[PDB]
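Let me begin by presenting the structure, written as structure tokens, before commenting on it.
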Amino acid sequence: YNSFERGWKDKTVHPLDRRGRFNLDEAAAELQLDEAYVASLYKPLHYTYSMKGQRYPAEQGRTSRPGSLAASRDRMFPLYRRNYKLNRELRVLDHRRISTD
Amino acid sequence: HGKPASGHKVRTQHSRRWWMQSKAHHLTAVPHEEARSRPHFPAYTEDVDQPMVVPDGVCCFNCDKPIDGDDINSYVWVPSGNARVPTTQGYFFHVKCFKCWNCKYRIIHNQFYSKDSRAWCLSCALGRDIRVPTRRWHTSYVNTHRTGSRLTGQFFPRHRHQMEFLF
Amino acid sequence: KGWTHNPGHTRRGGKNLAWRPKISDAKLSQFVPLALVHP
Amino acid sequence: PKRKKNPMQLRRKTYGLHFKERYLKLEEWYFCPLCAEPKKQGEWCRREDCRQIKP
Amino acid sequence: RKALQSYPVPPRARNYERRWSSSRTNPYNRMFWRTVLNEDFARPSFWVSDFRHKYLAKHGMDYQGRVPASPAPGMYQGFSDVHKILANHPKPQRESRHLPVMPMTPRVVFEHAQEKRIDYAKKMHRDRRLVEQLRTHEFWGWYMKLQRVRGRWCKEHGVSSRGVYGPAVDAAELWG
Amino acid sequence: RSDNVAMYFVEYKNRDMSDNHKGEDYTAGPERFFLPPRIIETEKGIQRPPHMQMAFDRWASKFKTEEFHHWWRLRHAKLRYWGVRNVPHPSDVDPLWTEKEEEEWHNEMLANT
RNA sequence: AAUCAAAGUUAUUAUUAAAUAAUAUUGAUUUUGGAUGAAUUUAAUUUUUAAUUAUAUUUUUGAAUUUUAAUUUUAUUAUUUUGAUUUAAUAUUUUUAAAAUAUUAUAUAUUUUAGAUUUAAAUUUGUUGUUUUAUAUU
RNA sequence: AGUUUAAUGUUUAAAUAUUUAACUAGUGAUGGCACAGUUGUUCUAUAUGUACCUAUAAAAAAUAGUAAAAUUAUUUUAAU
RNA sequence: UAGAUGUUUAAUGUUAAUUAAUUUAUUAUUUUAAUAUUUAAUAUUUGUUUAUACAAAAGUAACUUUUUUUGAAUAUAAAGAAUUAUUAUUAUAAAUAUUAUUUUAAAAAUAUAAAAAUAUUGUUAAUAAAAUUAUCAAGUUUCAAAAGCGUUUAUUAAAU
RNA sequence: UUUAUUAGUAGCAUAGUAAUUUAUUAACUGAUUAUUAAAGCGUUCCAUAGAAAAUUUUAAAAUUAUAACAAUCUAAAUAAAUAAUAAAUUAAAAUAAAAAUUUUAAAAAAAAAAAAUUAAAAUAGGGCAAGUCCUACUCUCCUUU
RNA sequence: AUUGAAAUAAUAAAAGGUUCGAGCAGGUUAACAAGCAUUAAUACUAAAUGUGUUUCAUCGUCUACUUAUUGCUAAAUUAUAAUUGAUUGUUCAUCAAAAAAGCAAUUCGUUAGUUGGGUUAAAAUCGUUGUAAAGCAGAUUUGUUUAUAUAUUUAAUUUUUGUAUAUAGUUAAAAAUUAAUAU
Ligand SMILES: [Zn+2]
Ligand SMILES: [Zn+2]
Ligand SMILES: [Zn+2]
């Protein structure tokens, strides 16, 4: 807090973890791990897979207000849109794998 | 004649006959009455005498495929105290090769029976026949990389180890 | 139910030494003038 | 409180030198020659001139 | 309270009772020693323990051999929820010779839905340390660039980085 | 403003004899908190020790992404769930650092060019 | 130090309520069944959605009571087409929200200080203000 | 590591929570649906059957003058 | 002064035949219901720093455009204690993320106890079943009275 | 007066701290002997283990002695609730009272901690009155199987 | 008017007492525990913490324990606590105590009364009250008024002589170890 007046600001955001700037997809290419998947490891699993999760209400985005257009939860938080290909491919059992007749 | 003669079993964990029945008889020296009592085992077995590392000529007991050296916890490394015979250290199994070989389901409660270099389920390896469990069939509940086996075996003073107080 | 830290009957209020001197009335009464003449 | 207080009870509150000294005192101030803003003594700005030589 | 017959598999931990007993965990390792040690404990699981009563009658002997597991195709065909009149084995088959196929009861499918969500979990962990062993692995590799560029700069600018004194206080190898 | 705690400005003594903070200005904080501090124009011709100013932007590099611009957008939702007065909605919190603010700095590393 | 008695006006917006009236009434707030029905069934001799002009009788002595009123004759279960009539009621919200007199070592508001004191209601079974209720505004 | 005690809490973070003692081995059981109010259930304590079992919900004008609380309008014109 | 010897309202107050000053005099010391005070210069509140699992009930204050499958259809974030509260909802699975809400210059009590010589129950109805500890957290013994080990709303020679 | 076996001052109607013995410096403890126990008694009695007592003994909880703040729990600035509230300018203080505990009456004086008083309390504790409740049995009475 | 009994954790609406400005029956006969005239005073004891009295020659009132927590004695420490009065919401709950039981006891029973083990005991302090305080001070104090007062767990001196079968009396040292001023 180098503020002189604390607030929702001048709260030094990470007074640790100085090894910033991780190029995930670039690093994910070295590991050969489906770039869309690796980036999902580093955000709460609520945000990517079809899991029970708790969302903040401002995060949900408001209806079209007189002051502001309808701000959908996606167009303000693109990298939080769940990827249901990546869910299904990983988490759910496909009809295929148990098709017996 | 203090009256309430039937009671709660109020003592019991406040006895000296207890303090001797709470100990663990592990593979250490720790003569007795000095091993840990409530959790039954000391955390962080120090092993400076012998480094206790995973070997290079390591392989799955059940499957026999070579095992990743140490970069991973895909292998269930059961060091049965000092083993030597199964490998330089104890038996080794990838997490998915940890099933009973004969009946092919999981090793219930994880007690297995090394039948001629292929881990057999104790019940089948014992002759019994009830051959399907309820919870998870083909994968045991085991921990990985000895993390479930470090409740027992070879705590720090594994021997006389009097080099300490001698000159 | 005994042994007070504060032994004695030193009263609370009567301490002025001019209108209530700490002198036993046995030894103080001998000054009460019962033949008082000038006033 | 086993009684409500008439104003003359609430008004005695405003006589002790505790109410007065806490609320009803004007602060002594002056114009910071560098910032031209009112200022108390012993306090300065976050600014080089105000910080090297105390205005 | 969510009758156990609703859960796909009966629950792992089974809470009981006992006002005067406070411990979450069911005491396994006791339910295990009995059962492994005593054959009788668990009902015979009819077939593997039938097939006697059908050898004794047709052969005049005790079977005196290990009974085959995996009940023969055609046995327990009217039963519907066998699971007890068996071991937890599947309903054996039709009376056919087609290759064995698991009759995909709601239970078998759930187990498939575990062994995919087990491979899912062990895969989300296996490659956290794989990228964690780049971040810290490459942070060090970069940090040593820092101590090198600091190492180079601290020679031309001569900042010995060892106090206000000259090296003559170092050469003594005392504190001073 | 959040409580009557006093605020002192503890600064190290002479910096004109320093090597890292030679002629910096502290009359005001950095604009975005990952931006290096304003310099006294009379000594604008100062360069720094590289190990100090090459590890800084290593740290300041994580806020120049968009994943932090999502953690910035997001945080403004927390402070509203926790209701903190005067917090703009995460819909009008356009990023701190941006591509227009990219072009200057990569061309401000002309030293390594 | 101590007191000093003290502010009655928002400003601005328009078709409910209640009884009454003796004409309708198969169950108010989506589109049965959607195989073809068997799954969308409420009915029976009792003060009942049926509501009866007397004081004498008679009666477990003491809570029990009067019989067609004119035989299809009108005391009968009720609204749109006078903001449906009439009489009683009248608001509810939006934002309004204010004010200058009594000492100077102390009993309680009157200017001239002194005099002055149950706060009431009940309860007082004159155990005679007997231990109860009341913050205030409307 | 959730439960026979004790401290704190006492309109408390709780119309039962924090810390803690005790206890803890249930192939015989928090649990498929099943029993309902003059009655179910009860390893029985007049205990519980939706946060006081005096069940809730509903419908009454029960009784309360037989020491409960009240009972609305100054300036009067015959006593006990 | 002013009828008289003390307890049953005075009303053409717009001529309820009204029409520019009716100056409305009539208002229940408690009851509920609505406001407003006192307690209150307050009790609570205070956000400075970071050790990962995935089900179903439960909600639906709910934004939308976003690339589900190769199934037709169908639907995927949010509870309960009155709350954004004590509060891992443990159906599962996994094991190195530098995931990120806690004001502040004092002594009384008090919640509480690090530290520390003697003494060991003289305190008290009665010490000894009474948090954690790397100094690794455990009293021993005798006698008398006392069954089963399950089970209980004031928790036991209760009832099994 | 079943009272024989058996234990018996015992969860044993009083009598009591039972009388003896120990034990303790001090024995309303507890254990022992016996033994007519107000009216234990054969389902008695013994045996008895973690319980509750009594000793002996040892012992860290800050047990008396004994007092001994290291820790965390500001003020101020901000938000603004609760019990209670007839009033107070009297409230003190002393004394008499008269029905009462005293509170009055009278005389005569003269900000923050603590809980002595005001109602610091909640709510338990009584007993009486009328009302209703609920349970019980040779004597009251139906619906009764 | 058509039987007799219960505490049922009895209750609901009321007032009114067990513990008192006055009464009653069983302690050496007689002075004393204390079943009826008030009234949210809401149990005895302990802990802590006070107090006004009154009581012979200075002058006077600090004992700690054991058993039981009943209360008050017994009795051990050489020698052993004056008597009244007002006192305990601050602290405990041991007792007394509300179907959890049980024993003997009374009951036809429901149950009743001795005894033992069980059994929440509690709110932000507004007024008075009092302890402190109000940041002040070159200075204790005229008079108000005083939480503050040298001893009651006994030695060794020294005079053991005076007096008579044993023997006094001022004091001192030590011990109980602590100092106290609002304009
Ligand atoms: Zn393997
Ligand atoms: Zn097997
Ligand atoms: Zn300035």
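Identifiers in the structure tokens: chain A, B, ... in order shown; residue index from 1 per chain; ligand index from 1 in order shown.
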
message: Considering only helix (DSSP H, G or I) as DSSP defines it on the backbone, what residues of chain C qualify? List them as a ChimeraX atom specification.
response: /C:25-31

Residue neighbourhood residue K:20, 10 Å, only C-alpha atoms (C1' of nucleotides), exclusion window fewer than 2 positions, as a ChimeraX atom specification: /J:100-101 /K:17,22,38

Just write the chosen residues, N, CA and C atoms (P, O5', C5', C4', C3', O3' and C1' of nucleotides), as a PDB file, in the first residue's frame.
ATOM      1  P     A J 100     -47.751  -3.347  58.939  1.00  0.00           P
ATOM      2  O5'   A J 100     -46.188  -3.029  58.986  1.00  0.00           O
ATOM      3  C5'   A J 100     -45.537  -2.360  57.910  1.00  0.00           C
ATOM      4  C4'   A J 100     -44.391  -3.154  57.338  1.00  0.00           C
ATOM      5  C3'   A J 100     -43.017  -2.544  57.588  1.00  0.00           C
ATOM      6  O3'   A J 100     -41.979  -3.506  57.826  1.00  0.00           O
ATOM      7  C1'   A J 100     -43.542  -2.474  55.242  1.00  0.00           C
ATOM      8  P     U J 101     -42.005  -5.044  57.341  1.00  0.00           P
ATOM      9  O5'   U J 101     -40.489  -5.259  56.906  1.00  0.00           O
ATOM     10  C5'   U J 101     -39.629  -4.133  56.796  1.00  0.00           C
ATOM     11  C4'   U J 101     -38.523  -4.344  55.794  1.00  0.00           C
ATOM     12  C3'   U J 101     -37.600  -3.160  55.583  1.00  0.00           C
ATOM     13  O3'   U J 101     -36.625  -3.035  56.602  1.00  0.00           O
ATOM     14  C1'   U J 101     -38.223  -4.049  53.487  1.00  0.00           C
TER      15        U J 101
ATOM     16  P     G K  17     -50.054 -12.323  51.867  1.00  0.00           P
ATOM     17  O5'   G K  17     -48.678 -12.725  51.163  1.00  0.00           O
ATOM     18  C5'   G K  17     -47.452 -12.717  51.893  1.00  0.00           C
ATOM     19  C4'   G K  17     -46.906 -14.108  52.097  1.00  0.00           C
ATOM     20  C3'   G K  17     -45.939 -14.272  53.272  1.00  0.00           C
ATOM     21  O3'   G K  17     -46.106 -15.591  53.793  1.00  0.00           O
ATOM     22  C1'   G K  17     -44.873 -14.952  51.312  1.00  0.00           C
ATOM     23  P     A K  22     -39.785  -5.673  65.147  1.00  0.00           P
ATOM     24  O5'   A K  22     -41.188  -6.398  64.894  1.00  0.00           O
ATOM     25  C5'   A K  22     -41.375  -7.784  65.165  1.00  0.00           C
ATOM     26  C4'   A K  22     -42.681  -8.041  65.881  1.00  0.00           C
ATOM     27  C3'   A K  22     -42.923  -9.453  66.399  1.00  0.00           C
ATOM     28  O3'   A K  22     -42.225  -9.727  67.609  1.00  0.00           O
ATOM     29  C1'   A K  22     -44.898  -8.601  65.387  1.00  0.00           C
ATOM     30  P     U K  38     -50.237  -8.993  54.899  1.00  0.00           P
ATOM     31  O5'   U K  38     -48.807  -8.592  54.319  1.00  0.00           O
ATOM     32  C5'   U K  38     -48.679  -7.540  53.367  1.00  0.00           C
ATOM     33  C4'   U K  38     -47.628  -6.537  53.780  1.00  0.00           C
ATOM     34  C3'   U K  38     -46.641  -6.121  52.687  1.00  0.00           C
ATOM     35  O3'   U K  38     -47.104  -4.982  51.964  1.00  0.00           O
ATOM     36  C1'   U K  38     -45.460  -6.852  54.616  1.00  0.00           C
TER      37        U K  38
END

- request: Within 8 Å of ligand 2, which residues show up when you count only C-alpha atoms (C1' of nucleotides) and all ligand atoms? List them as a list in words, please.
  value: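 So the residues close to ligand 2 are residues 99, 100, 101, 102, 103, 104, 105, 106, 107, 120, 121, 122, 123, 124, 125 and 131 of chain B.
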
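Nearest-residue note for ligand 3: choosing from D:23, D:30, D:15, D:44, the minimum distance belongs to D:44, counting only C-alpha atoms and all ligand atoms.
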
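Using only C-alpha atoms (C1' of nucleotides) and all ligand atoms as the basis for the distance check, residues found within 12 Å of ligand 3 are residues 30, 31, 32, 33, 34, 35, 36, 37, 38, 39, 40, 41, 42, 43, 44, 45, 46, 47, 48, 49, 50, 51, 52, 53, 54 and 55 of chain D; 27 of chain F.
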
message: To check your reading of the model: which residues sit at most 6 Å from ligand 1 when counting only C-alpha atoms (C1' of nucleotides) and all ligand atoms? Write the answer as a PyMOL selection string.
response: chain B and resi 60+63+93-94+97

Dump as a tab-separated table (two decimals), in the first residue's frame, selection limited to C-alpha atoms:
chain	number	residue	atom	x	y	z
B	60	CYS	CA	6.62	-52.40	-12.65
B	63	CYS	CA	3.38	-55.03	-15.60
B	93	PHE	CA	3.88	-50.33	-9.87
B	94	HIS	CA	2.41	-47.74	-12.22
B	97	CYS	CA	-0.79	-51.73	-12.95
